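Next up, target-v2.cif (mmCIF, C-alpha atoms):
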```
data_protein
#
loop_
_atom_site.label_atom_id
_atom_site.label_comp_id
_atom_site.auth_asym_id
_atom_site.auth_seq_id
_atom_site.Cartn_x
_atom_site.Cartn_y
_atom_site.Cartn_z
CA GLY A 1 21.11 -17.07 -4.45
CA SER A 2 17.99 -18.87 -3.27
CA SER A 3 15.06 -16.44 -3.23
CA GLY A 4 12.60 -17.38 -0.50
CA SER A 5 10.00 -14.62 -0.26
CA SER A 6 6.46 -14.08 -1.53
CA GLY A 7 4.83 -10.90 -2.79
CA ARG A 8 7.05 -7.95 -1.91
CA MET A 9 7.72 -6.48 1.54
CA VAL A 10 7.97 -2.71 1.11
CA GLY A 11 9.61 -0.79 3.94
CA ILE A 12 8.31 2.70 4.68
CA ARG A 13 10.00 5.33 6.83
CA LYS A 14 6.77 7.14 7.71
CA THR A 15 6.13 8.80 11.07
CA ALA A 16 3.14 8.81 13.41
CA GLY A 17 0.29 10.72 11.79
CA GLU A 18 2.27 11.15 8.58
CA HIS A 19 -0.10 10.32 5.71
CA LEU A 20 0.76 8.50 2.48
CA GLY A 21 -1.50 10.17 -0.08
CA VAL A 22 -3.01 7.41 -2.20
CA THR A 23 -6.40 6.00 -3.20
CA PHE A 24 -7.18 2.28 -3.15
CA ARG A 25 -10.04 0.62 -5.04
CA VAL A 26 -11.90 -2.67 -4.58
CA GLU A 27 -12.28 -4.60 -7.83
CA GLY A 28 -12.77 -8.36 -7.97
CA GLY A 29 -11.96 -8.66 -4.28
CA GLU A 30 -8.52 -7.09 -3.91
CA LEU A 31 -7.12 -3.72 -2.84
CA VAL A 32 -5.48 -1.96 -5.79
CA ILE A 33 -3.84 1.47 -5.67
CA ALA A 34 -6.43 3.37 -7.71
CA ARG A 35 -4.28 6.50 -7.85
CA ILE A 36 -1.20 8.03 -6.21
CA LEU A 37 -0.75 11.68 -5.26
CA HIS A 38 2.54 13.44 -6.01
CA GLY A 39 4.80 15.10 -3.46
CA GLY A 40 4.21 12.32 -0.97
CA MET A 41 5.64 9.07 0.41
CA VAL A 42 4.64 6.56 -2.27
CA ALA A 43 5.33 8.98 -5.12
CA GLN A 44 8.83 9.88 -3.93
CA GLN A 45 9.73 6.26 -3.21
CA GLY A 46 8.68 5.42 -6.76
CA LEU A 47 8.25 1.82 -5.66
CA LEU A 48 4.46 1.49 -5.44
CA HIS A 49 2.50 2.31 -8.59
CA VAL A 50 -1.06 2.11 -9.93
CA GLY A 51 -2.05 -1.55 -10.10
CA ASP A 52 -0.23 -2.62 -6.95
CA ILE A 53 -2.23 -5.27 -5.09
CA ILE A 54 -2.11 -5.41 -1.29
CA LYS A 55 -2.72 -8.65 0.61
CA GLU A 56 -1.38 -8.28 4.16
CA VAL A 57 0.26 -5.53 6.21
CA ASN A 58 2.62 -6.08 9.15
CA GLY A 59 0.75 -9.35 9.55
CA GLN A 60 -2.76 -7.91 9.39
CA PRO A 61 -5.64 -8.36 6.92
CA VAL A 62 -6.40 -5.21 4.92
CA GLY A 63 -9.85 -6.53 4.07
CA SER A 64 -12.01 -5.12 1.28
CA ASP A 65 -12.14 -1.80 3.13
CA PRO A 66 -9.79 0.64 1.34
CA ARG A 67 -11.04 3.61 3.36
CA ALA A 68 -10.06 1.75 6.53
CA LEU A 69 -6.61 0.79 5.25
CA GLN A 70 -5.44 4.31 4.41
CA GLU A 71 -6.22 4.98 8.07
CA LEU A 72 -4.25 2.03 9.43
CA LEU A 73 -1.02 3.47 8.01
CA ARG A 74 -1.73 6.95 9.36
CA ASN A 75 -1.20 5.37 12.77
CA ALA A 76 1.86 3.32 11.80
CA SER A 77 5.11 4.77 13.14
CA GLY A 78 8.40 3.06 12.34
CA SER A 79 9.47 0.54 9.71
CA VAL A 80 6.16 -0.50 8.14
CA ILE A 81 5.88 -3.53 5.85
CA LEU A 82 3.51 -4.00 2.92
CA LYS A 83 3.03 -7.27 1.03
CA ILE A 84 2.23 -6.34 -2.57
CA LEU A 85 1.45 -8.67 -5.47
CA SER A 86 0.95 -8.48 -9.24
CA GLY A 87 -2.22 -9.22 -11.18
CA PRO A 88 -4.30 -8.47 -14.30
CA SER A 89 -3.45 -4.79 -13.87
CA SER A 90 -2.75 -3.85 -17.49
CA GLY A 91 0.61 -2.22 -18.12
#
```
File written out as structure tokens:
Amino acid sequence: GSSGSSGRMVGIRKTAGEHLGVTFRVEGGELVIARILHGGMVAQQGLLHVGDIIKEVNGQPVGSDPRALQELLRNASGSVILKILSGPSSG
């Protein structure tokens, strides 16, 4: 009925070490999934897709460091949350 949630909390069933397989880019000041590799987590899920904008993760700032983010997940075992948001991403 009454929707009370911002962005979009995406739940991942990844395991310690398990990598995602994606590339984020910094344009304008936001982390956007530059590209997504097939045969992986994101791909399979089908949820995330090029253009996805990340703001916060499990209550932590992703910052403008995409190379550091892809590493944060690598060490994220259990139900991980990702707050995504839309934008100018053409499509």
Taking 3 positions as the minimum chain separation for residues in the same chain, which residues sit within 9 Å of residue 89 of chain A when counting all atoms listed in the file? Answer as a short mmCIF file (atom, residue, chain, number, x, y, z; two decimals) with C-alpha atoms, in the coordinates of the input.
```cif
data_model
loop_
_atom_site.label_atom_id
_atom_site.label_comp_id
_atom_site.auth_asym_id
_atom_site.auth_seq_id
_atom_site.Cartn_x
_atom_site.Cartn_y
_atom_site.Cartn_z
CA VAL A 32 -5.48 -1.96 -5.79
CA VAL A 50 -1.06 2.11 -9.93
CA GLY A 51 -2.05 -1.55 -10.10
CA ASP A 52 -0.23 -2.62 -6.95
CA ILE A 53 -2.23 -5.27 -5.09
CA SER A 86 0.95 -8.48 -9.24
#
```
Practice prompt. Evaluate the PyMOL selection byres ((chain A and resi 84) around 6) and record the selected residues as a list in words, following the chain and residue labels used in the document.
Written response: residues 7, 8, 53, 54, 83 and 85 of chain A
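Counting from atom CA of residue 81 of chain A, the distance to atom CA of residue 24 of chain A is 16.9 Å.
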Fill in: Sphere at (-13.0, -0.2, -7.0), radius 12 Å, counting all atoms listed in the file: residues as JSON, numbers by chain
{"A": [23, 24, 25, 26, 27, 28, 29, 30, 31, 32, 33, 34, 35, 51, 64, 65, 66, 67]}
Export, as a tab-separated table (two decimals), in the frame of the given file, the selected residues with C-alpha atoms.
```tsv
chain	number	residue	atom	x	y	z
A	23	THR	CA	-6.40	6.00	-3.20
A	24	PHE	CA	-7.18	2.28	-3.15
A	25	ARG	CA	-10.04	0.62	-5.04
A	26	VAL	CA	-11.90	-2.67	-4.58
A	27	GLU	CA	-12.28	-4.60	-7.83
A	28	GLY	CA	-12.77	-8.36	-7.97
A	29	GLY	CA	-11.96	-8.66	-4.28
A	30	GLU	CA	-8.52	-7.09	-3.91
A	31	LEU	CA	-7.12	-3.72	-2.84
A	32	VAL	CA	-5.48	-1.96	-5.79
A	33	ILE	CA	-3.84	1.47	-5.67
A	34	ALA	CA	-6.43	3.37	-7.71
A	35	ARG	CA	-4.28	6.50	-7.85
A	51	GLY	CA	-2.05	-1.55	-10.10
A	64	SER	CA	-12.01	-5.12	1.28
A	65	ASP	CA	-12.14	-1.80	3.13
A	66	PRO	CA	-9.79	0.64	1.34
A	67	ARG	CA	-11.04	3.61	3.36
```
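Between atom CA of residue 88 of chain A and atom CA of residue 57 of chain A there is a distance of 21.2 Å.
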Practice prompt. Could you tell me which residues the PyMOL selection byres ((chain A and resi 12) around 6) returns for this structure, as a VMD selection string?
Written response: chain A and resid 11 13 to 14 79 to 80
If you keep C-alpha atoms, can you produce a file of those selected residues as a PDB file, in the coordinates of the input?
```pdb
ATOM      1  CA  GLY A  11       9.610  -0.790   3.940  1.00  0.00           C
ATOM      2  CA  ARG A  13      10.000   5.330   6.830  1.00  0.00           C
ATOM      3  CA  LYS A  14       6.770   7.140   7.710  1.00  0.00           C
ATOM      4  CA  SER A  79       9.470   0.540   9.710  1.00  0.00           C
ATOM      5  CA  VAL A  80       6.160  -0.500   8.140  1.00  0.00           C
TER       6      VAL A  80
END
```
Worksheet item: Counting only C-alpha atoms, what is within 7 Å of residue 20 of chain A, bar same-chain residues fewer than 5 positions away, as an NGL selection string?
Response: :A and (40-42)
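Coordinates place atom CA of residue 72 of chain A at a distance of 12.5 Å from atom CA of residue 15 of chain A.
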Worksheet item: For residue 87 of chain A, which residue among A:36, A:61, A:55, A:21 is the nearest when counting all atoms listed in the file?
Response: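 Closest to residue 87 of chain A, using all atoms listed in the file: A:55.
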Discussion item. I need the residue nearest residue 76 of chain A from this list: A:10, A:63, A:90, A:16. Use all atoms listed in the file for the distance.
Written reply: A:16
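Ranking A:2, A:38, A:43, A:58 by their shortest atom-to-atom distance to residue 77 of chain A, with all atoms listed in the file included, puts A:58 first.
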